[PDB]
There are 2 protein chains.
Amino acid sequence: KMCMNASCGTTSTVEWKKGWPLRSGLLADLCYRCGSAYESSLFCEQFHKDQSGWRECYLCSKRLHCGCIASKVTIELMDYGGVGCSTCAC
Amino acid sequence: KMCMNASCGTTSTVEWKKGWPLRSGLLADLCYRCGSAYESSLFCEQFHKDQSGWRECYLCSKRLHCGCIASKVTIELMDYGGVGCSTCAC
Ligand SMILES: [Zn+2]
Ligand SMILES: [Zn+2]
Ligand SMILES: [Zn+2]
Ligand SMILES: [Zn+2]
Ligand SMILES: [Zn+2]
Ligand SMILES: [Zn+2]
């Protein structure tokens, strides 16, 4: 196992964890630190701050990391453009 | 019918066209101008230049409008972050 957080990529951790669904449909491997962040639903806030792709929810203005598999399940693409939190879209 | 391009929204056009799949699974209505842009695969280049969400393909650096239903079918979310054109990912 290797942690699938590119900025991390450790092979040693006190405990392995699971992350997002891969394009294979299988579930990514994360180290204890990165996996804890993912479970907290703050993976992209913690690791992808500098990256391109951030938009704002159309209703609450929460920052949403688009074009990113790690946040895919929490972002709704809206019918006429833009994105919403799963809360605010549904 | 009303063109589902928010910057447009006309109700009069010489010819109606179809756009992206809606979250209902049905297919959006676009006027002749916006629909032509969509068929050309340059809708987001033509209308969403100023918007947030643009990333670069991990391999060819093409600009890809993420968090956007109009480009959803042309963008692959990669297993470890970032995006690729359908060409470069597959
Ligand atoms: Zn890690
Ligand atoms: Zn992210
Ligand atoms: Zn929201
Ligand atoms: Zn139009
Ligand atoms: Zn777009
Ligand atoms: Zn590409």
Side-chain angles (χ1 to χ4, degrees), chain A residues 2-10 18-31 34 37-38 43-44 46-58 61-86 88-90, chain B residues 2-10 18-31 34 37-38 43-44 46-58 61-86 88-90:
Chain A
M2 193 191 219
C3 173
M4 293 178 165
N5 181 15
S7 61
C8 175
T10 183
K18 292 296 185 171
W20 49 89
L22 296 167
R23 324 159 68 199
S24 64
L26 291 194
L27 227 60
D29 293 315
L30 300 174
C31 68
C34 300
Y38 184 81
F43 185 90
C44 291
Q46 173 154 337
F47 297 110
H48 292 176
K49 274 169 179 96
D50 208 327
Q51 295 187 6
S52 56
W54 292 92
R55 312 193 71 171
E56 291 180 353
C57 175
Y58 81 98
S61 296
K62 191 187 184 174
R63 283 207 115 212
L64 300 171
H65 192 209
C66 305
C68 180
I69 193 167
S71 278
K72 184 182 179 195
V73 66
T74 59
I75 293 170
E76 302 293 318
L77 269 44
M78 311 299 293
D79 275 334
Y80 312 129
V83 287
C85 305
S86 293
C88 310
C90 308
Chain B
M2 193 191 219
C3 173
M4 293 178 165
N5 181 15
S7 61
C8 175
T10 183
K18 292 296 185 171
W20 49 89
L22 296 167
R23 324 159 68 199
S24 64
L26 291 194
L27 227 60
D29 293 315
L30 300 174
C31 68
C34 300
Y38 184 82
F43 185 90
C44 291
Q46 173 154 337
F47 297 110
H48 292 176
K49 274 169 179 96
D50 208 327
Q51 295 187 6
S52 56
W54 292 92
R55 312 193 71 171
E56 291 180 353
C57 175
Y58 81 98
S61 296
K62 191 187 184 174
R63 283 207 115 212
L64 300 171
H65 192 209
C66 305
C68 180
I69 193 167
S71 278
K72 184 182 179 195
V73 66
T74 59
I75 293 170
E76 302 293 318
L77 269 44
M78 311 299 293
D79 275 334
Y80 312 129
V83 287
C85 305
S86 293
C88 310
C90 308

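First the proteins, then the strands, lettered A, B, ... as listed; each starts at 1.
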Checklist entry - Most heavy-atom pairs under 4.5 angstrom with chain A, which of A70(B), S71(B), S52(B)? => result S52(B)

Item to check | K72(A) atom NZ, over 12 foreign heavy atoms within 6.0 Å | outcome: no

Next on the checklist: Quick one: does any side-chain atom of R23(B) pair with a main-chain N or O of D79(A) as donor and acceptor, under 3.5 Å?
Outcome noted: no

Item to check | Contact class of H48(B) relative to chain A, heavy atoms under 4.5 angstrom | outcome: neither

Checklist entry - Any idea which heavy atoms bring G67(A) and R55(B) closest together, and the distance? => result O-NH1, 2.8 Å

Next on the checklist: Which atoms of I69(B) are under 4.5 Å from chain A, going by heavy atoms: the side chain, the backbone, both sets, or neither?
Outcome noted: both

